[PDB]
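For reference, the chain that follows is the form deposited without the named molecule, supplied as structure tokens.
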């Protein structure tokens, strides 16, 4: 694309907004920046040469623009943006800018859960093959910071929001791993509108990889041209259970005994299948992809044991920012004693009801905090306590912890009411676990 001479407005600063500023400056185009926040992240890094407007959107700038680059963190349906759209002004995001320039194939991954594990796993499979790979998007480097002539493959985690502003993605392999209720605060036409944003990922993809166990991951149409599938008991890529052992299979052929993996648990096994299906479709050698599966240890904040001491496991699953992710932590969970489960934050208008089925018996205590702490306590009030903050909840539960217990932060909610991001929430949990979980 050629931006020379265009009046470009970037909405949203932070690292990804900065990447957009830098992208245009390097092409001899000076954009203007606006952000509804008064002191947005990264403001001190914005050169004085770049005009900016903070604390609100500026409709004089937006209606004057030739191109608007919208952060995924701003609603596309914001009345200032719908006005610019109605007037015919082009609106894109950073992923669109990236797709227009990229000179290597792109593997594109979205889903309500699993998407960072699967992105990182395919990145590791590529490295194991000696491929020069750029991994990022919605995690790691903003995609524009990955752009490099020497890159041979890009692996991008994409959110529903990024996909809404992307039109030129033609992925060598794309997947929606699953769709479960999330981001209802941003999708006023509910589950089908959220799904529709994700289904954009398959448009012009060479191979589509779908979840055979989740119908919502399947395009609304495909004909003589089907997607590759992964699943538990069915799929092109699927699991084979043998006594107590599990295998990854591809069309009936065993390819890996999961004992070789460092990741455990069924949903990691289906993540491994999805990653293998994407790697295969991207042309990576099967054997090096399987080697990567054996060496991968998981991400921080993903069901991460931050302390096992004095007979108690303290588990940081702060990456669980929706109900489906906490379900995946609870379903089949083995605890010898009491489970002390921390839930709380901004639930984004989610129905928390699906969690209730995991919370029966005499061996569960709930400690519920943040914006939606009361709604969470209401799942089972007789075993619940509510506090304002996670630290209060930790200090309340710790004296009650006995050998055999588990303390699990798997909060089912965004952290953004009280924290910068779920990493900060996990790091704080870890520090407090280490304080409270030894003498």
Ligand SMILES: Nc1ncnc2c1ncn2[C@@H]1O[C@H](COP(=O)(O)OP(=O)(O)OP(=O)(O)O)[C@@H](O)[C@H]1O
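Positions refer to the first chain, counted from 1.
If you look for the form deposited with the named molecule bound, you will not find it shown, but the lines that follow are about it.
Enquirer: Please tell me which of 111, 93, 235, 123 lies within 4.5 Å of the named molecule in the deposited complex, judged by heavy atoms.
Expert: The residue in contact is 111.
Enquirer: Let me know the one among 313, 291, 249, 302 whose heavy atoms come within 4.5 Å of the named molecule in the deposited complex, would you?
Expert: Among 313, 291, 249, 302, a heavy atom within 4.5 Å of the named molecule in the deposited complex occurs only for 302.
Enquirer: For the interface check, one of 315-323, 238-246, 123-131, 357-365 should have non-hydrogen atoms within 4.5 Å of the named molecule in the deposited complex; which one?
Expert: Selected range: 315-323.
Enquirer: Taking the named molecule as it sits in the deposited complex, is residue 328 near enough to touch it, meaning that at least one heavy atom pair lies within 4.5 angstroms?
Expert: Yes, residue 328 sits close enough to the named molecule in the deposited complex that at least one of its heavy atoms falls within 4.5 Å.
Enquirer: My question is simply whether residue 340 lines the interface with the named molecule in the deposited complex - judged by any non-hydrogen atom within 4.5 Å.
Expert: No.
Enquirer: When the contact criterion is heavy atoms within 4.5 Å, does residue 166 count as touching the named molecule in the deposited complex?
Expert: Flag for residue 166 set to no.
Enquirer: With heavy atoms only and a cut-off of 4.5 Å, decide whether residue 116 touches the named molecule in the deposited complex.
Expert: Contact with the named molecule, yes.
Enquirer: For the three residues 175, 200 and 280, verify that every one has a non-hydrogen atom within 4.5 Å of the named molecule in the deposited complex; reply yes or no.
Expert: Heavy-atom distance to the named molecule in the deposited complex: none of the three under 4.5 Å.
Enquirer: Can you list, in sequence order, the residues from 375-395 that come within 4.5 Å of the named molecule in the deposited complex, counting heavy atoms only?
Expert: The stretch 375-395, when checked against the named molecule in the deposited complex, contributes no residue at the 4.5 Å heavy-atom cut-off.
Enquirer: With each C-alpha placed in whichever of the two rigid parts fits it better between the shown form and the other one, do residue 331 and residue 194 end up together?
Expert: No - residue 331 and residue 194 lie in two rigid parts, which move independently between the shown form and the other one.
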